[PDB]
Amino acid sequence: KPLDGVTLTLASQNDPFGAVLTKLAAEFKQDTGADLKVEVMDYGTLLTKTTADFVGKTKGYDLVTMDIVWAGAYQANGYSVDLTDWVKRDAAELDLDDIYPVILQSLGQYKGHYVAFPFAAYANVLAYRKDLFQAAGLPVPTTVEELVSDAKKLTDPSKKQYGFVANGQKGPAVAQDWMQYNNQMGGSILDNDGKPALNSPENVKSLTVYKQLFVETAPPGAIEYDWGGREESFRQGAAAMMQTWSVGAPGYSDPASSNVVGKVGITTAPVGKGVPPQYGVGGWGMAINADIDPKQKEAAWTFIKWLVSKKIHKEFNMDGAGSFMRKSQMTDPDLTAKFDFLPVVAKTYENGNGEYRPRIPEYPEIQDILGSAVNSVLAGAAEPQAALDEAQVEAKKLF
């Protein structure tokens, strides 16, 4: 087989695709003879360890799962192979027309160059407990104000029942969840010239309402949750509503992992007044480390093409990757039977906003700064105005 004797080392975010990539290693070795070693890490550790590998030119990782919001940093620093030529050369293998253009562009490209190739696309959705809403006589929320109101109505500590959950963990997790909320109210963290605007009066008001919501309606231990932690909370039955990525939805219908099978609805994220549908897109691309040997680059690209092929990518998603990205997947009889929320995913990608969160080179640093600020506010250590003022000062140093 062509890749006999080859080892590929892949650094992966600990989203559901980390375990699925680990599982698919066997089939990849059966198909190509290559040994795929997947190292799954949490978001911060992943970013730290792979950035150090790039900077040191040490060639420890051949393949890295690159977050959409890292695309500008990857392009500016040349961390990854520019895949533009190979995408064009091998397009017929990739069935590009069957990948939504917003996904190819936003998860793969920056400034017209492929720094990665999309392998896991996420739609921003509201997950809610159908049973709890029905019992309470409440309609499906469509406005962020409904979310606040319903979250309070559905909080009753006496039954260990919380109306709402979101991330509290310092850093990217807490930052991203506040950013999502702010986006749905038409807010931003950059001004119209792309410069930091973390502490605008709108954002201070937004964070003030968000803090009140978090303190009043989320499980008390939510101050420590990252994405996986709040997904687990929701699956366990603890919270009535959660704004999340579609990646979490396979888990809700898994009886081995879920106390809410049959109980969860998936809809578009609610919006503030005057705000049009936000169809937020996120996810991860697969990058090849620019430092590795030519034969390692060739093998890594062979792996990428294998993974995104219709056959394997369907298997990937039937195994729970929650990473749907192909038009063909949205009408596929098996995928639609297993995952009845794909109409919402498809509508999101058809209208997708691949700039739902910034992808500029400064963003990963902004994200960490904002994460410290929002966590200090949710923990009761700093007030919204002072915290965002401080964050703005630090963010401006990057420009």
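Residue indices: 1-based, along the sequence shown.
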Using only the Cα atoms and their B-factors as the entry lists them, report which of 203-211 and 172-180 averages higher. 203-211
Test of understanding: from the entry's C-alpha B-factors, which stretch has the higher mean, 262-270 or 243-251? 262-270
Out of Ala256, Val115, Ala76, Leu198, residue topping the C-alpha B-factor column of the entry: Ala256
Going by the CA temperature factor in the entry, name the top one among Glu232, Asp191, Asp291, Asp226. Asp191
Among the modelled residues of its chain, does the C-alpha B-factor of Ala11 lie in the lowest, middle or highest third? lowest
Per the entry's values, where does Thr58 land by CA temperature factor relative to the rest of its chain, in the lowest, middle or highest third? middle
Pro333 by Cα B-factor - lowest, middle or highest third of the modelled chain: highest
Entry-reported Cα temperature factor of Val64, expressed as the chain third it lands in: lowest
Name the third of the chain's ranked CA B-factors that contains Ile366, choosing lowest, middle or highest. lowest
